[PDB]
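# Commentary on secondary and tertiary structure
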Amino acid sequence: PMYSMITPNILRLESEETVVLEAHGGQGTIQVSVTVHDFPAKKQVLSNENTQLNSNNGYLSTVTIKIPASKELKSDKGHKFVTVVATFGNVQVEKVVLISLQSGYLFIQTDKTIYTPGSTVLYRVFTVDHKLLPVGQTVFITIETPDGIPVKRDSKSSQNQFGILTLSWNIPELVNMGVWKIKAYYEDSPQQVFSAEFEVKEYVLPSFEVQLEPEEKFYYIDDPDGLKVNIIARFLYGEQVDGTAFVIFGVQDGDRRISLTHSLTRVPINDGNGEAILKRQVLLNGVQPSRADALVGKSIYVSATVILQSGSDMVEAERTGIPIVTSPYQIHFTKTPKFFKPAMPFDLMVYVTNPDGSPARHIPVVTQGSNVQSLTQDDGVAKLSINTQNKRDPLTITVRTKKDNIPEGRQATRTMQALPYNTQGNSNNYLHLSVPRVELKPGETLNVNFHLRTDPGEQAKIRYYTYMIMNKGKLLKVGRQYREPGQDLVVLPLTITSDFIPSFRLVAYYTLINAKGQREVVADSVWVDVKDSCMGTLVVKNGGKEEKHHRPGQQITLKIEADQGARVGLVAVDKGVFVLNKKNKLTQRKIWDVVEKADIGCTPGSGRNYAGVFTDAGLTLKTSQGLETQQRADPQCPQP
Amino acid sequence: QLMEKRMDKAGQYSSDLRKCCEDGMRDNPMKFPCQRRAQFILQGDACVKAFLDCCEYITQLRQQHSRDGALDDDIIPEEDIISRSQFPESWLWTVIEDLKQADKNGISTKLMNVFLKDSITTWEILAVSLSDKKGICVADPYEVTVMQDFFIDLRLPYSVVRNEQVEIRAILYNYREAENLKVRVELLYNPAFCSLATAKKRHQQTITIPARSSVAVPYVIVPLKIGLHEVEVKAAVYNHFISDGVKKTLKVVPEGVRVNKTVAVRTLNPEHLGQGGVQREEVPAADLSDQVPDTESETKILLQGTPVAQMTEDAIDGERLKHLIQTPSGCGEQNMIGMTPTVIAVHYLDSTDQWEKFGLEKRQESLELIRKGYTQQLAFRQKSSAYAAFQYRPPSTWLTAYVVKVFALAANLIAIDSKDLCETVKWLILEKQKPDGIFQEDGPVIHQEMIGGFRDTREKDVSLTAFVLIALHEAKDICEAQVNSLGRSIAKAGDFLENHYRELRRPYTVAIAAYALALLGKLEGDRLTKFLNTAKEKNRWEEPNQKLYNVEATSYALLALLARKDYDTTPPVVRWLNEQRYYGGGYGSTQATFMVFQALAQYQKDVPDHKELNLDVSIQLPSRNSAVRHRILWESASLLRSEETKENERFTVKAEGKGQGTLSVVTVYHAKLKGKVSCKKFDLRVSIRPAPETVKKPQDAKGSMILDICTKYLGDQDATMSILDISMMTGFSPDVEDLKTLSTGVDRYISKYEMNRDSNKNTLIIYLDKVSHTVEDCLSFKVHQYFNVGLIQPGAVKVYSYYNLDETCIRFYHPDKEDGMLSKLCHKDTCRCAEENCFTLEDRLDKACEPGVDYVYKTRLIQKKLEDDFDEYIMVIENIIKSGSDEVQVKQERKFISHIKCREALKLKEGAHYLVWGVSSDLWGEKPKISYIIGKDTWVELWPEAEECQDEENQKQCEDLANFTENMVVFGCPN
Ligand SMILES: *[C@@H]1O[C@H](CO)[C@@H](O[C@@H]2O[C@H](CO)[C@@H](O[C@@H]3O[C@H](CO)[C@@H](O)[C@H](O)[C@@H]3O)[C@H](O)[C@H]2NC(C)=O)[C@H](O)[C@H]1NC(C)=O
């Protein structure tokens, strides 16, 4: 028989971590003891647990260990390790694991993202642990100038406020203007500084606002008519503007402003409407190289001073960042896996974006050569399944957008290369996990397809698949999916709960004894999105009748629904600030962006070998036959 | 075609030289020629040559296109653009913890009733939860749109004047796109106002507002009383439940300028200034020759147990801190009021252990003030860690030193960035110190005493090198290991002042260099005897024609003597500095106040002979039957006791006991325009006139005018740092785009402008780097009138040096008599309602014998003096019918004063005879000159001449007036 031990490759101190124990071919009852020792001396048993392997659990059991944060492990010199030893009766299995205490998360929410002098910055700091549960610890909170000078250093304990540090600060009337920074760190971890930024500009009271709407959200460099920009000028109280707009165009050359002086036109504004056109001959001559290709990758800015007809007020606005490209889309292969399986379909995930970085919705993309065509959704991602041949050659894939009313020279096109999985001893023993692309919400049920491909003498030896579900760098669910002989497709139904948000990895494998008498392990993994929801629940609704328009000074009733014992922090903000600077405002996706960076996997699936699957997904393996994984030193993954 | 060549010419220049050329092509409101605008350029000759080339380009090119234009130039692209940043303030900033009531799923529900704000906007309520079993969760946003469709905007002024007459607009908005709104609008009655709404009849108007439109409804209102009065306008929509009301407060400022007046400052020390242990001080009555008619005066007597007791108790209090200094802040040195008095008040109460009197929080509340002033002073920090006085000016070495001094003192109390402080120090040693120890000023000079004058190259840079050295000695321990040059630079500055000390001649420069040597122990020998012999009368280091500068010099000298441990020499210097409170009982400017506070607190710091305080002071006012007594002991709570009186009388203060104290007597009154005719060291000319019709004016602005202000200093050098204090007339507010042009350019004429809130009238403060002593410095900008005002009261322009408040000059400006700006905006009943304050045989005998009637005269008007505020009527008393409290004679002249409202009410004729009687409370002034007030209990009746009495229409009145005169002298009033 073969005994196997699977743990996550980084174990957290003061945390419940899951150890998987499994006896391939066990008989009777096998008592297993798991011991955690200090590295490299093994002088102290840090954790000790017990379980059994029998026929009732299928010779597969899990063990929860909690390594305490001792004074030797808290030392700041060198990456520390522990040694986990599992004893399967008389056979011991032993693996050295990297450790990290972590338990550091600080989220900062300002009440708004732009301020005038004299305003009050209302800001909250939420103090949670590694499980995102509230902790009561001392936090040092620093407000810094745009030049970086600290003007306010607070120290607040979140023990009695239970994790919601609610504070305020008054901006003085004379102050630095620019991008201010709030910084926060725990008292026991000063090197983990978390930050949010806000902007302080000056008082602006327009009698009328000016909006510069270009006809397209980009400029085609081979467009003969040019770039039309609609001038929409209206009062803040709603009325229309009659007057005269003085409009000038220009080129933003990276970090360079080139004023097009020959584009300066006088435009009348009648009933709040006017039009200024930048002709193509003004754009080419005004930039110092008069090349259409040397204008690609730049943007057009446009400034317009609108005067009222009685000469009464002038309000000037600017629309920057209108790109001078030929393709309105950018193809990205960032959400797709980099490794394919031979003679099995490759789930290509093409991410199509607008030139400002926003996701391009409902854009048809076609792969060249295979003619697979799909549409993007609201997230900008399209799924194209490419049927691969039974070859271990690198698969070169070119994706091209095919939206109508756009010429073929103006379509986005990008090329990638996918690499094949390497089997043991050039054998035909493969595994492929096939998952349908649904925006998975908690409450939906996912059917996962377990495809087998083996040599015909090796097919009957496979009785089960052993699957593992990981979420937030922890083993969430382990089980077995059994298989009758002759079943080339086995389906595991999986209910998505709230513990799967934001994303989860499913890793599955089978073992066998091949035609050379050697123990072969074949594995596969897949990364699945979950719709950005919440581990708990928090809704704010109306408590009275659903009135569309309210009056000033009207009493309304708010209905606030949360979990039992939850503390809810509130703010009522004007809508005009929420839309302005969105990159500094706390959203629910920004919670799920932060935990997505803290993960122990680097690739969205597959690997170089059997040890390539466990290491790329965040696991490690040690078997009694000698099958193992490499050691992890760095929690990060390299980029050029 | 004109913006075309203006940008092709500006394209010829690059980098910072293009900004000089583009500013040469801008319009200038005073129409200076291109060579005159070049005189204000501070950037150097390369910027001036690019300025002149582009200025004279479009000067001759506009005069060519105008002289062939018979047969706007709105190009401010900026490239930066400031967008919308003012939104309504966020609310509902709470945390809810009562959520334990579980359902089947454990979901807890909270209901909460909240009130919406008055902002017509879409509110948006955001929620972040935190649960001990479920973690953090941010909700989706919940939007609450607030819209009433009909809303009212009430347009009030900043301030009106009592018995001035305005038109107030309520703008009513209606935006139903295609549905019009018939609305009745009502102005509510207020007895402090005088309008078409009375106590028995409301003033209702019925209007119809069109769809997607606005209608303004005017209301004419006369305020009759002084103080914060509410204007309430209500309006409700016909056949609907839509109703709105807007209530706003109309501040009616008293007429005239409000002038504080120090009557007396005295040192209270009966051990040294007492005869037989009893000190007696007589305080005179204040000179109220320039007082506004029908306003009250208010004398405030202040007794202080220590000479530092006012400044300490006012620097801890946050609102009282801003009223130590009488000048505005909002520039580089001036902004240090938020730090420097609060630092040395905490340092004083540190060294004397005295916070047991105050609250326990009072240290921590005052520590927050120094943190706020640290954030405010950091706004003036430039990019090279240096400090400039204004936002786009080159850095001042004098200022950057003074920031090092106050930051090093506040580093013991507040967390000051040491690295930034020593980087600011490292800029002073490397960039600004000459190798012979001299610190060089390459920015514009702020303080007057930082120039070595004329062909005395002696005393050149001595006052500045001393000022930097005091500052670097304060940051000696803070920037010790940070800057390895600080020990050598402090000694090099100390060697330069010691070697050049024999050449010094002015009392400020002898004193400020002595304290820089006293910190180094180098005020011995001939440096010591020159410092002591410079002092006049063994107690002050003063020079003629200097006020605040002398207070700084004596404070630097007191700090020099206390650093030398010369405690026996210092008590006369302490007593002198204690009583130089010329400006409202305080020291007026900033650097005067921060220096005498530091010197006086340093005396009480290391000479703690105040624990034996037992001062028994008694004040005897003649208006009170019993003398006020106060006892100030050392423990006895507050060390300051005050008394107030409404009478401007002389009184005697008697002090007994032990200790050294301070008496302060300040009279607050409203002053007219006659006392402001005196101008000292400055010269000022102001004129206002209506703008041309081709001038673009704002939409809510009814008229526009052009204000020209020209000033010139009358000294031997240019006046560094002066302020123009310009009050707007009622309804007026200046053009922001003119003031932005005058403050943003390489040809910069105004260092910074600001509008001063919490003031009497709407006041524009203009900051100037210099005022030329050779050429008259002029500036023009537009002011805009925003509603019709019936009897406009004149504005005021006051120029003064910031560091010497004696060097001031005030001028008043009013438009023309032909403007229709004096014509009463009222109709008839509203006119009469405003003429109550101005003012048949048995009826005359009763009204001349009412209890309170003092005098009855027959007068004759010789001369009217029509002034801007009040009318003087010089009358000759031709008959005395009832003798009053004023001892008058027949054919003796007396002044009769009425308000400019009463010019149409009275309609007096020069030369005509009049029967006048009034009350004794309308007597004003002190004998030999009593002025008479034509008030609401004063009778004015025309007496016809002896040729006019021969007409049949006047013969009954002349017999009624002759019967009244004989009855009132022979019989008098009935008993
Ligand atoms: C002239 O000197 C006097 C005395 O130092 C200054 O008087 C101060 O005036 C302000 C506003 O007029 C007073 O504030 C008011 O305080 C009362 C309570 O006393 C409060 O009810 C009001 O609502 C208001 O806040 C202030 O108390 C008063 N200070 C003193 C010591 O009397 C005056 O500002 C000086 N004028 C100028 C032009 O410098």
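Residues numbered from 1 in each chain as written, not as in the entry; some residues may be left out. Chains lettered and ligands numbered in written order. Heavy atoms only, no water. Residues with missing side-chain atoms left out of burial classes, pairs and counts.

### Some details on the domain arrangement of chain B
Under the domain assignment, chain B is made up of domain 1 (1–68), domain 2 (150–253) and domain 3 (829–971). A C-alpha centroid distance of 65 Å is found between domain 1 of chain B and domain 3 of chain B. (Domains from an automatic or database assignment.)

### Remarks on the UniProt feature "disulfide bond" in chain B
Of the UniProt disulfides, the one joining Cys194 of chain B and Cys833 of chain B is satisfied here, as the sulfur distance of 2.0 Å falls under 2.5 Å. One end of the pair, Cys194 of chain B, is in strand 10 (residues 193–194); the other, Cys833 of chain B, is in helix 19 (residues 829–833), and 639 residues separate them in sequence. (Disulfide = S-S within 2.5 Å. UniProt positions renumbered as here; feature names shortened; annotations may be inferred. Helix = DSSP H or I, 4+ residues; strand = E, 2+ residues; numbered from the N terminus.)

### Here's the deal with the site of the ligand
Residues and elements named next belong to chain B. Residues in close proximity to the ligand include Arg258, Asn260 and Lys300, which together make up its full environment. Between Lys300 and the ligand, the recorded distance is 3.4 Å, taken from a side-chain N or O atom to an oxygen atom. In isolation the ligand has 740 Å² of accessible area, and contact with the protein removes 32% of it. (Near = heavy atom within 4 Å. Polar contact = N/O pair within 3.5 Å; in protein donor to acceptor, adjacent residues only side chain to side chain. Areas by Shrake-Rupley, 256 points an atom, 1.4 Å probe, with all protein chains shown as cover.)

### With respect to the packing of helix 16 (residues 571–578) of chain B against helix 17 (residues 590–606) of chain B
Residues and elements named next belong to chain B. At a minimum axis distance of 11 Å, the contact between helix 16 and helix 17 shows a crossing angle of 140°. Between helix 16 and helix 17, the angle is such that the two are oblique. The element helix 16 and its partner helix 17 pack so that their crossing is left-handed. Every residue of helix 17 that contacts helix 16 at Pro571, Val574, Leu577 and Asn578 is listed here: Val596, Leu600 and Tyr603. Looking at the contact of helix 16 with helix 17, its residues break down into six nonpolar, one polar and no charged. (Axes fitted to C-alpha atoms, helices over the stretch in contact; angles between N-to-C directions. Parallel < 35°, antiparallel > 145°, perpendicular 65-115°, else oblique. Left-handed = near helix turned anticlockwise from the far one by under 90°. Contact = heavy atoms within 4.5 Å. Nonpolar A, V, L, I, M, F, W, Y, C, P; charged D, E, K, R; others polar.)

### So, the environment of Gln204 of chain B
All names here are of chain B. Among the structural elements, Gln204 can be located in strand 11 (residues 203–209). Exposure remark for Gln204: the relative accessible area of 48% places this residue in the partly exposed category. Sequence separation between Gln204 and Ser351 is 147 residues; the distance between their C-alpha atoms is 67 Å. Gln204 has contacts with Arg184, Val185 and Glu186, leaving out every residue within four places of it along the chain. Within the structure, the side chain of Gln204 is placed 3.5 Å from the side chain of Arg184, a separation counted as a polar contact. (Buried < 20%, exposed > 50% of the residue type's maximum accessible area, 1.4 Å probe, protein only.)

### Some points on unusual backbone geometry
That bond from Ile501 of chain A to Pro502 of chain A is cis: its omega, 5°, falls within 30 degrees of zero. Mapped onto the elements, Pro502 of chain A comes out in the loop between strand 37 (489–495) and strand 38 (503–513). Of note, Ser103 of chain A is a non-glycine position whose phi angle comes to about 55°, a positive value. The phi angle at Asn545 of chain B is positive, at roughly 65°, despite the residue not being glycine. Structurally, the position occupied by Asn545 of chain B is in the loop between helix 14 (526–534) and helix 15 (548–563).

### As for the state of the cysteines
All names here are of chain B. Inspection of the entire model under this criterion finds 13 disulfides over all chains. Note on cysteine connectivity: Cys20 is disulfide-linked to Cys47, with sulfurs 2.0 Å apart. Given an S-S torsion of about -105°, the disulfide between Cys20 and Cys47 has left-handed geometry. Pair noted here: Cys20 is in helix 2 (residues 16–24) and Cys47 is in helix 4 (residues 45–67), with a separation of 27 residues, a long-range link. Pair check on accessibility: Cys20 and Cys47 agree, each one buried. Two residues share a disulfide in this structure: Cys21 and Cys54, whose sulfurs sit 2.0 Å from each other. Around the S-S axis, the bridge from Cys21 to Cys54 shows a dihedral of about -95° and counts as left-handed. Here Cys21, found in helix 2, pairs with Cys54, found in helix 4; they are 33 residues apart in sequence, far enough to count as distant.

### Points about a negative patch on the surface
Residue and element names in this part refer to chain B. Residues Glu945, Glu947, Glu948, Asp951, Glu952 and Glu953 make up a contiguous surface patch of negative charge. Position of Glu953 relative to the elements: it lies in the loop between strand 38 (939–943) and helix 22 (955–970). Here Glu953 falls in the exposed class, since its relative accessible area comes to 78%. (Patch = residues over 30% accessible without salt bridge, like charges linked within 9 Å, V, L, I, M, F, W, Y side chains within 5 Å. Salt bridge = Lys/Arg side-chain N within 4 Å of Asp/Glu carboxyl O. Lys, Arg positive; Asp, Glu negative; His and termini not counted. Charge placed at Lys NZ, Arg CZ, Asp CG, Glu CD.)

### Re the interface of chain B and chain A
Residue-level contacts link 99 residues of chain B with 106 residues of chain A. Around 9,900 Å² of area is buried between chain B and chain A when both sides are counted, 59% of it from carbon and sulfur atoms. Its largest share of buried area at the contact with chain A, chain B owes to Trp93, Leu130 and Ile136 of chain B, together 9% of the area lost on that side. Here chain B and chain A share five salt bridges between them. Notably, a salt bridge pairs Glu89 of chain B with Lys112 of chain A, separated by 3.4 Å at the nearest N-O pair. Across the chain B-chain A interface, the total number found is 38 residue pairs in polar contact. Those elements giving two or more residues to the side of chain B that touches chain A turn out to be helix 1 (2–10), strand 1 (95–96), strand 2 (107–115), strand 3 (122–131), strand 4 (135–138), strand 5 (142–145), strand 12 (213–223) and helix 8 (362–377) of chain B. Take the side of chain B that touches chain A: its biggest share by element is 10 residues, from strand 3 of chain B. Alignment of strand 41 (residues 555–563) of chain A against strand 2 of chain B, held across nine bridges, turns out to be antiparallel. The partner of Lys559 of chain A across the bridge, within strand 2 of chain B, is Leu111 of chain B. (Buried area = accessible area lost by both parts, 1.4 Å probe. Pairing = 2+ DSSP bridges.)

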